[PDB]
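Working notes, structure below.
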Protein chains: 2
Amino acid sequence: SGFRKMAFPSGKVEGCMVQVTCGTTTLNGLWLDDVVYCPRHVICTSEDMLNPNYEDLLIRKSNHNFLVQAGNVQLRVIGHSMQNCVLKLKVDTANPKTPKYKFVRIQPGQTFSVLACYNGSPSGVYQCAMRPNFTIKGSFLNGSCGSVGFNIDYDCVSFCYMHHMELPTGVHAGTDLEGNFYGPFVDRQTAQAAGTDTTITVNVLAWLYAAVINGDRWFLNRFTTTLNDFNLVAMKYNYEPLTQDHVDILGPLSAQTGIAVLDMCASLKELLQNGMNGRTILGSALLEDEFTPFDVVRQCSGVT
Amino acid sequence: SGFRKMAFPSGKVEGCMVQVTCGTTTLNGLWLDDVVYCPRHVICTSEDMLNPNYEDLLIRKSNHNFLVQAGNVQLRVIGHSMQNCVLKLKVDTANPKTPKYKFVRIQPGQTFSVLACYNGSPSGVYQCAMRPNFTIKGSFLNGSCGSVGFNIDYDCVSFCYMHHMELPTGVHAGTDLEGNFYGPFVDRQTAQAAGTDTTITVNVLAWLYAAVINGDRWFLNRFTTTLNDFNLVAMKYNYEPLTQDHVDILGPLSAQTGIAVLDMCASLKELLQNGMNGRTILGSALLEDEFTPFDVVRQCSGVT
Ligand SMILES: *CC(=O)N1Cc2ccccc2[C@@H](c2cccc(C#N)c2)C1
Ligand SMILES: *CC(=O)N1Cc2ccccc2[C@@H](c2cccc(C#N)c2)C1
């Protein structure tokens, strides 16, 4: 037992990280098969970022201007193209460490691991959730651009995120591996406010089930509620509205614990209305929303 | 910017994980060079664990009784010996994926990453701290025994922990890689209570410096304190006494932020005495103690 914010083992992703330099700009790239994926703003200087015309800036770049270094070995660039906000640099060598992989565009509320990198070198790994406002609350300094987010299903890496930007609020924005931003964000040095960050209700409920399984039970009560009654409380506390889809996905946790989903909702309602009165749940003093129902089952069953 | 509980990239450790089976018991082993390290209780059944005589049980085991499987390839066992609470199984093949490594016995208050494993397969990675009472608050199910804790200094893995046990309180106990338990714990199915878990004061202060650097500043006040005045407050709130050594290690963070260590102590004193009044610090509603001063500098500077 015990419950932790666990990231996926990052080995399969570390073997894909490379450094990409263009002019005076260096960031991270993802090497899969004979293609290196990186943010298109690698072709900009901070001077260019104010209002870049990516198509015009790219015309001045040739294959030989993109320096791609895998650890300490230089890759030969034989092609380049722009797909949305990412550059795809065709190299003459397929990565021998390419895992079985997929590119997936995740939904808000879903979780993933980020392998933060600097100059093609991995520094750490942490678990994230794509916020309902399509931002992530990460840890990214200059040079971290091109670091990726991913999930792992046994031997298959599903890449879902590439880091591009930090909002003036300190929150993070980026794209899926096809270069399409999550949310309304553009790759430009301009003030772009993120919307209201709501709490992922289905994840908080999943985490309350993780809590009961691991022994933290003080918050269980004698009450029940309805989806509509619960959503009136969710709306006041800027929680996402809970749907029957959410209830269905909580099914296995409800079955394992014997606590009906609407009974767990009544516990969450009371925790929202009364606070935690100085107590903790799984070592946390706030309601944790960055564990999906899938993460709870995976962690509580020992999936490798 | 942004601040996260970040674990080290686990790739170098995943390449060392193997499965070790003895009789009907299966757990994880660590393959480095031509040696596989695992908990000695691999030779026990749950029946044996009540009061095992490890030396007597081991006499009935030959090299051929220890089945070591690296992913899907079987390793040939050419020797075995017991060192404290670990078994060292000499194999006929050196691990080709052995990183540059060291075995280190960490101090309480120090942090490390755990690669939780089941049947020699990695499931996830998370950041831990060795508690002042020599327990860790991990996430370990049956079959997780033999999972290791480590730190990474560029290319060198310093293994510090091997998981052996779960206390009836749900907290975790284990050994360094020489098989010596941290704390007073023995490898036996017996009630062993852990001592008072105190809060790692130097880590909370380091995390308050991480908070100021990243923008969370509400807790800064107009006060100062002394080491002795602060320790009177630390003792009441079961915080570790702060020493000049702790102040010295906080030196770089004090220099970077311009906030004198004793001024930060006065902020911590007020947070201990008044609570957080419904506010958060780096997305947390409690005072975080599982970031050392080294982790804060490493994360805030981008060390790979
Ligand atoms: C995340 C990162 O490494 N960087 C550094 C960098 C290097 C060259 C050009 C831009 C950047 C910024 C950046 C500024 C403004 C907008 C974006 C986007 N998209 C990125 C971030
Ligand atoms: C952590 C783990 O995998 N296991 C399973 C197991 C398998 C065989 C023998 C013992 C165990 C237990 C266990 C019980 C009691 C004490 C210890 C220790 N040390 C380990 C845990």
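The values are calculated or read from the model by the stated rules, or taken from the named source; nothing here is a laboratory result. Every residue, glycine as well, gets a Cβ built from its backbone with ideal geometry; the counts of neighbours run over all protein chains shown.
Screening the candidates B:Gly124, B:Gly174, B:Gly170 for the property of being in contact with a strand residue (DSSP E or B) (Cβ under 8 Å, 6 or more places away or on another chain) and either within 14 Å of ligand 2 (Cβ to nearest atom) or polar (S, T, N, Q) (or both) yields one hit, B:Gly174. For the stretch B:171-194, name all the residues that are within 14 Å of chain A (Cβ to nearest Cβ) and of a type in the set (A, V, I, L, M). Within the stretch B:171-194, B:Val171, B:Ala173, B:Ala194 meet the criteria.
Here is the figure for the stretch A:233-253: residues that are closer than 23 Å to A:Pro132 by Cβ and surrounded by 14 or more Cβ atoms within 10 Å (Cβ to Cβ) total 12.
Counting the residues of the stretch A:122-160 that are assigned to a strand (DSSP E or B), within 12 Å of the chain's Cα centre (by Cα) and in contact (Cβ under 8 Å) with a residue 60 or more places away in the chain gives 9. Scanning the stretch A:1-30 for residues that are of a type in the set (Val, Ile, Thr) and within 17 Å of the chain's Cα centre (by Cα) gives a single hit, A:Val13. Within the stretch B:161-199, the residues that satisfy the criterion of being part of a strand (DSSP E or B) and under 30 Å from B:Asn231 (Cα atoms) are B:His172, B:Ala173, B:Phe181, B:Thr199.
Consider the stretch A:3-58 and keep the residues that are within 10 Å of another protein chain (Cβ to nearest Cβ), among the charged types (D, E, K, R) and assigned to a helix (DSSP H, G or I). The one that is surrounded by the fewest Cβ atoms within 10 Å (Cβ to Cβ) is A:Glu14. Does any residue of the stretch B:231-242 turn out to be within 14 Å of chain A (Cβ to nearest Cβ) and in contact with a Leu (Cβ under 9 Å, 6 or more places away or on another chain)? Yes: the stretch B:231-242 contains one or more residues that are within 14 Å of chain A (Cβ to nearest Cβ) and in contact with a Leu (Cβ under 9 Å, 6 or more places away or on another chain).
Which one is surrounded by the most Cβ atoms within 10 Å (Cβ to Cβ) among residues in the stretch A:125-170 that are among the small types (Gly, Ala, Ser), at negative phi and within 12 Å of another protein chain (Cβ to nearest Cβ)? This residue is A:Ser147. Checked against (1) assigned by CATH to the domain that holds A:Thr111; (2) touching a residue at least 12 places away in the same chain (Cβ under 8 Å), A:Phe219 passes all but condition (1). Inside the stretch B:266-284, can you point out the residues that are within 25 Å of B:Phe112 (Cα to Cα) and in contact with a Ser or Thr (Cβ under 7 Å, 6 or more places away or on another chain)? Hits for the stretch B:266-284: nothing passes. Being of a type in the set (S, T, N, Q), in contact with a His (Cβ under 8 Å, 6 or more places away or on another chain) and within 30 Å of A:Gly302 (Cα to Cα) holds for only one residue in A:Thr280, A:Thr201, and it is A:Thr201. Scanning for something of a type in the set (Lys, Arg) and surrounded by fewer than 13 Cβ atoms within 10 Å (Cβ to Cβ), does the stretch B:76-85 turn up at least one residue? Scanning the stretch B:76-85, I find at least one residue that is of a type in the set (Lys, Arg) and surrounded by fewer than 13 Cβ atoms within 10 Å (Cβ to Cβ), so the answer is yes.
Would you please name the residue that is nearest to B:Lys102 (Cα to Cα), looking only at residues in the stretch B:59-77 that are assigned to a helix (DSSP H, G or I) and in contact with a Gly (Cβ under 8 Å, 6 or more places away or on another chain)? Once the filter is applied, the top-ranked residue is B:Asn63.
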